[PDB]
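Two forms of the same protein chain are encoded below as C-alpha cells; each is given separately, as structure 1 and structure 2.
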Structure 1
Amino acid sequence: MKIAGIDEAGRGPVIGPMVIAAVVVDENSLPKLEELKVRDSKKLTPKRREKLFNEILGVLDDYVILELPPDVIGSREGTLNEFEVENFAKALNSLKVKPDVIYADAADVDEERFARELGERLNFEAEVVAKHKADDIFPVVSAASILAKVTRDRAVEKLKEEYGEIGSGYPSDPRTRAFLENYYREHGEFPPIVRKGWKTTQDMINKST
C-alpha cells in the first residue's frame, strides 16, 4: 500500500505564508522514516533540520509542498477548518502517486469530522486518519511537518530581510504589533505580508474596537 502524511506550518502567526506539505511513501519504506527519528526533530537546529529534510526526500515515492501566501489565508468562518480542509485536499489531489491511507494533522477539535470532510473532497478514494498534533504520533505526518517547517522558516527569514524586525508574528507579540502599527502609520494601510483573515477580522490595532 501507499501511505501518505500531510501537515502544516505557520498556523498560529498572522504574518507570512502558511505551508502545507504532503508526502507519500510505500508501506515497505515506512521504517526508513523512524530510522531517521523524524518524530524527534523539533529540537534540531535549522541546519540539522535542513539535512534531515534532504534525507526524507530520499525515501518518498512522491510529495507536494504548497506555500500559501497571506492574501489567500482566511477562506473560512472563524474556525480555520474550512481553509485547511480545502487546502489539505488540494495538496493531496496534486500528488502523482495516490495513497490508499492518509494520516493527517487535525486542527479542528473534532478529528473525525475533519477526516470525513477531507475525504469527501478528494478526487480519489482513500481512508483518512486525522489526529491532533499528528506529527508527534504518526512518523509519516512528522516527515511532512518537516518539509513544511523548513519551507516556511526560509520564507520568514526572507521577510525579515525585507521588512526587518517583524517579531514572532503573533498579535500578542509587542514587536509584531509595533511593526504593524508603524507600517500603517507611514502607509495608511497594513503591509502586504499580513494575512487577509485578520486584517478584516478583529484587527484591534487601527480599529481599537
Structure 2
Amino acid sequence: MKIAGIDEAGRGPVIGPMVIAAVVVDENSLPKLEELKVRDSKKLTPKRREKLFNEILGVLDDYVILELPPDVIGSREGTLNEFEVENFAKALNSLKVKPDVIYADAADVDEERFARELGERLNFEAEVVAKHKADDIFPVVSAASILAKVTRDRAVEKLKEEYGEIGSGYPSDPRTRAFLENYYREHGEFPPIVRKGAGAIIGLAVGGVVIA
C-alpha cells in the first residue's frame, strides 16, 4: 500500500525557485510521519524543521523535489494556480515508485475537480484526493510540504547571502519590492535572479515605474 503526498512551498514567487515536492511512503510507515508530528512542523524553527526534513527522508519509500524557475514580474498573477495541476503532475510523474493513492493540496479551487484533472495528467492509474490546506490534514502531504519548504528556504537563505535582505522573494513582500528597487536604482537594471516579461504591478524607482 503506497501512499503519496504532493504540495509546493509558496505560490507565485518572483525570486528563488518554485519548489514542488512529491513523497511516497508505504502504509505501514505512514504512522511514523505522525509520530514525527509533521502536521505540527509550521511552528517549528527553520533550523528545527531541517531536523524533520531528514527524519522524513528516512521513513519515505521515495520522493521527488522539483525545482523550477520563478514567475515573471506580475506574470499572469490572476489565478496563477493554473500551473498547479501541471506542475504537480510533472513531479508525481517523476516518481520511481508509483503510489496507489495520492493526497494533494488544493489551491482554493474545486477540490473534486482538482483531483480529477490532476489524475488525468498523470501517466499512471491511481486514486487522487485533494483539498484546501491538506498539509494540516494528511501527514504525507504534510511531509511533502516540508521538503518543499526547506528547499525553498535554503535557496533563498543562499540568495540573501549574496544580495543581502531580499524579503521572502514574493511580489507581495515589502522588503522584496524595496530590495528590487534599490538594486535597480543602483545598477540601472533588475538583478539576474528576477525575470521580466509581461504583467503590471506597483514598483517605482525615483521617477518612472520599473516593476510591472
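Note that the rigid core is defined as the largest set of C-alphas that superpose within 1.5 Å between two forms. For numbering, take structure 1's sequence and count from 1.
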Kindly specify the one residue in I73, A115, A107, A89 whose Cα moves by 2 Å or more between structures 1 and 2, with superposition done on the rigid core. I73
Shift of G58 between structures 1 and 2 at or above 2 Å (CA, core fit): no
Does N182 move appreciably between structures 1 and 2, meaning a CA displacement of 2 Å or more on the superposed rigid core? yes
After fitting the core, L30 CA displacement of 2 Å or more between structures 1 and 2: no
If you line up the core, how far does the Cα of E161 move between structures 1 and 2, in Å? 2.6
Core superposed first, then measure: what is the displacement of the CA of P192 between structures 1 and 2, in Å? 4.2
